Amino acid sequence: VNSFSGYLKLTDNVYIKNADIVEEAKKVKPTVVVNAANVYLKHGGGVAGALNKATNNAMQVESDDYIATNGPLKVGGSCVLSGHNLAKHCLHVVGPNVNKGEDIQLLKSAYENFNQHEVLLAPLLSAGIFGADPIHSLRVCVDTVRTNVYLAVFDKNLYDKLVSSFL
Ligand SMILES: O=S1(=O)CC(CNc2ncnc3[nH]ccc23)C1
């Protein structure tokens, strides 16, 4: 039993809710919140900008030190950093950004990072400003993640479309 509330069950291990991931993180304080990161961990907009703003820029400060030491992530890769006031840990995962021309096949690799964590609160990777089709992202999630994932979808209209079209 866990504290996630109001989710629709899609499969054995995937759950979905119309929610603001920032507000959901603030209330649940999950072990892991996933950030929709880029390779430079520059948290300017989308989910990343919102999560970072909620940490009063502490996520960005920590991220800049990470990059200065380790260099950029790979598209499809991830790193574990602090969850600050939102979660125990933040798993920064880089899905391909279609608006930069990155290969969508890397979306499966991106979701594979979730399998290293038993339970996660997450957005749909490569959705929103990353330019991928969220219906495809949900399909890849369901067919790749085997651990327990709670997906927060900010847009109510999109949420209803994802549920109604789910196979
Ligand atoms: O005030 S807001 O419209 C800003 C938004 C931030 N929270 C999100 N939650 C889940 N997926 C998301 N994708 C992009 C943002 C987002 C609530």
# chains A, B, ... in the order shown; residues from 1 in each chain; ligands from 1
$ residues_near_ligand --ligand "ligand 1" --cutoff "9 Å" --atoms "only C-alpha atoms and all ligand atoms" --output "ChimeraX atom specification"
/A:18-24,36,45-51,122-124,127-129,151-155
$ write_last_selection --atoms "C-alpha atoms" --output "PDB file, in the first residue's frame"
ATOM      1  CA  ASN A  18      -4.776  14.528 -14.078  1.00  0.00           C
ATOM      2  CA  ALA A  19      -2.496  16.405 -11.700  1.00  0.00           C
ATOM      3  CA  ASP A  20       0.220  19.031 -11.412  1.00  0.00           C
ATOM      4  CA  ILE A  21       3.347  16.971 -10.682  1.00  0.00           C
ATOM      5  CA  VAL A  22       4.665  19.780  -8.454  1.00  0.00           C
ATOM      6  CA  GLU A  23       1.549  19.737  -6.278  1.00  0.00           C
ATOM      7  CA  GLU A  24       1.455  15.950  -6.284  1.00  0.00           C
ATOM      8  CA  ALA A  36      11.826  15.777 -17.723  1.00  0.00           C
ATOM      9  CA  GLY A  45      10.568  25.400 -18.751  1.00  0.00           C
ATOM     10  CA  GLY A  46       8.033  22.623 -18.932  1.00  0.00           C
ATOM     11  CA  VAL A  47       8.099  20.128 -16.089  1.00  0.00           C
ATOM     12  CA  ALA A  48      11.746  20.923 -15.309  1.00  0.00           C
ATOM     13  CA  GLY A  49      11.176  24.659 -15.005  1.00  0.00           C
ATOM     14  CA  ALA A  50       8.175  24.045 -12.756  1.00  0.00           C
ATOM     15  CA  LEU A  51       9.966  21.547 -10.489  1.00  0.00           C
ATOM     16  CA  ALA A 122       6.635  10.833 -13.173  1.00  0.00           C
ATOM     17  CA  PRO A 123       5.535  12.852 -16.194  1.00  0.00           C
ATOM     18  CA  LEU A 124       5.210  11.386 -19.657  1.00  0.00           C
ATOM     19  CA  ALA A 127       5.724  15.036 -23.989  1.00  0.00           C
ATOM     20  CA  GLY A 128       4.916  18.732 -23.704  1.00  0.00           C
ATOM     21  CA  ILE A 129       7.680  21.000 -24.985  1.00  0.00           C
ATOM     22  CA  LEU A 151       1.971   9.337 -14.078  1.00  0.00           C
ATOM     23  CA  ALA A 152       0.869  12.932 -13.557  1.00  0.00           C
ATOM     24  CA  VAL A 153      -0.648  14.633 -16.613  1.00  0.00           C
ATOM     25  CA  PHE A 154      -1.063  18.394 -16.185  1.00  0.00           C
ATOM     26  CA  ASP A 155      -3.547  19.006 -19.010  1.00  0.00           C
TER      27      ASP A 155
END
$ residues_around --residues "residue 149 in chain A" --least-positions-apart "3" --cutoff "9 Å" --atoms "only C-alpha atoms" --output "list in words"
residues 13, 14, 15, 16, 114, 118, 119, 120, 121, 122, 141, 145 and 146 of chain A
$ select_by_dssp --residues "chain A" --states "strand (DSSP E)" --output "PDB file with C-alpha atoms, in the first residue's frame"
ATOM      1  CA  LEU A   8      -6.764   5.391 -12.640  1.00  0.00           C
ATOM      2  CA  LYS A   9      -5.099   1.974 -12.988  1.00  0.00           C
ATOM      3  CA  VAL A  14       1.088   1.839 -14.418  1.00  0.00           C
ATOM      4  CA  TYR A  15      -1.304   4.415 -12.927  1.00  0.00           C
ATOM      5  CA  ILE A  16      -2.379   7.831 -14.277  1.00  0.00           C
ATOM      6  CA  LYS A  17      -3.932  11.021 -12.885  1.00  0.00           C
ATOM      7  CA  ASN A  18      -4.776  14.528 -14.078  1.00  0.00           C
ATOM      8  CA  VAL A  32      11.408   9.387  -6.396  1.00  0.00           C
ATOM      9  CA  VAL A  33      10.048  12.190  -8.574  1.00  0.00           C
ATOM     10  CA  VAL A  34      11.099  12.089 -12.227  1.00  0.00           C
ATOM     11  CA  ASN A  35      12.179  15.288 -13.962  1.00  0.00           C
ATOM     12  CA  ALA A  36      11.826  15.777 -17.723  1.00  0.00           C
ATOM     13  CA  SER A  78      19.576   9.796 -16.281  1.00  0.00           C
ATOM     14  CA  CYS A  79      21.096  10.775 -12.977  1.00  0.00           C
ATOM     15  CA  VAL A  80      19.838  10.678  -9.393  1.00  0.00           C
ATOM     16  CA  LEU A  81      20.037  13.945  -7.462  1.00  0.00           C
ATOM     17  CA  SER A  82      18.260  15.370  -4.434  1.00  0.00           C
ATOM     18  CA  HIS A  89      15.295  11.873  -4.759  1.00  0.00           C
ATOM     19  CA  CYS A  90      14.846  13.365  -8.205  1.00  0.00           C
ATOM     20  CA  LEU A  91      15.568  11.063 -11.139  1.00  0.00           C
ATOM     21  CA  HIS A  92      16.512  13.436 -13.969  1.00  0.00           C
ATOM     22  CA  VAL A  93      15.676  11.533 -17.182  1.00  0.00           C
ATOM     23  CA  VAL A 119       8.049   3.288  -7.198  1.00  0.00           C
ATOM     24  CA  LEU A 120       8.104   6.656  -9.028  1.00  0.00           C
ATOM     25  CA  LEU A 121       6.004   9.754  -9.607  1.00  0.00           C
ATOM     26  CA  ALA A 122       6.635  10.833 -13.173  1.00  0.00           C
ATOM     27  CA  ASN A 148       5.307   0.939 -10.200  1.00  0.00           C
ATOM     28  CA  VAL A 149       4.854   4.276 -11.967  1.00  0.00           C
ATOM     29  CA  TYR A 150       2.343   7.011 -11.095  1.00  0.00           C
ATOM     30  CA  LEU A 151       1.971   9.337 -14.078  1.00  0.00           C
ATOM     31  CA  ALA A 152       0.869  12.932 -13.557  1.00  0.00           C
ATOM     32  CA  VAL A 153      -0.648  14.633 -16.613  1.00  0.00           C
TER      33      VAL A 153
END
$ closest_residue --among "A:137, A:2, A:52, A:31" --to "residue 111 in chain A" --atoms "only C-alpha atoms"
A:137
$ select_by_dssp --residues "range 85-147 of chain A" --states "alpha helix (DSSP H)" --output "PDB file with C-alpha atoms, in the first residue's frame"
ATOM      1  CA  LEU A 106      15.611   6.721 -27.564  1.00  0.00           C
ATOM      2  CA  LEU A 107      12.325   7.112 -25.697  1.00  0.00           C
ATOM      3  CA  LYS A 108      12.406   3.413 -24.732  1.00  0.00           C
ATOM      4  CA  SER A 109      15.961   3.800 -23.385  1.00  0.00           C
ATOM      5  CA  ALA A 110      14.797   6.824 -21.368  1.00  0.00           C
ATOM      6  CA  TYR A 111      11.948   4.874 -19.745  1.00  0.00           C
ATOM      7  CA  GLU A 112      14.295   1.965 -18.914  1.00  0.00           C
ATOM      8  CA  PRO A 134       1.974  11.787 -25.540  1.00  0.00           C
ATOM      9  CA  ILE A 135      -0.154   8.808 -26.635  1.00  0.00           C
ATOM     10  CA  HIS A 136       3.013   7.179 -28.014  1.00  0.00           C
ATOM     11  CA  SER A 137       4.911   8.107 -24.854  1.00  0.00           C
ATOM     12  CA  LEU A 138       2.263   6.388 -22.722  1.00  0.00           C
ATOM     13  CA  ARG A 139       2.450   3.255 -24.885  1.00  0.00           C
ATOM     14  CA  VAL A 140       6.251   3.104 -24.557  1.00  0.00           C
ATOM     15  CA  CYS A 141       5.939   3.646 -20.805  1.00  0.00           C
ATOM     16  CA  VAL A 142       3.496   0.751 -20.393  1.00  0.00           C
ATOM     17  CA  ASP A 143       5.593  -1.547 -22.596  1.00  0.00           C
ATOM     18  CA  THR A 144       8.943  -0.650 -20.949  1.00  0.00           C
TER      19      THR A 144
END
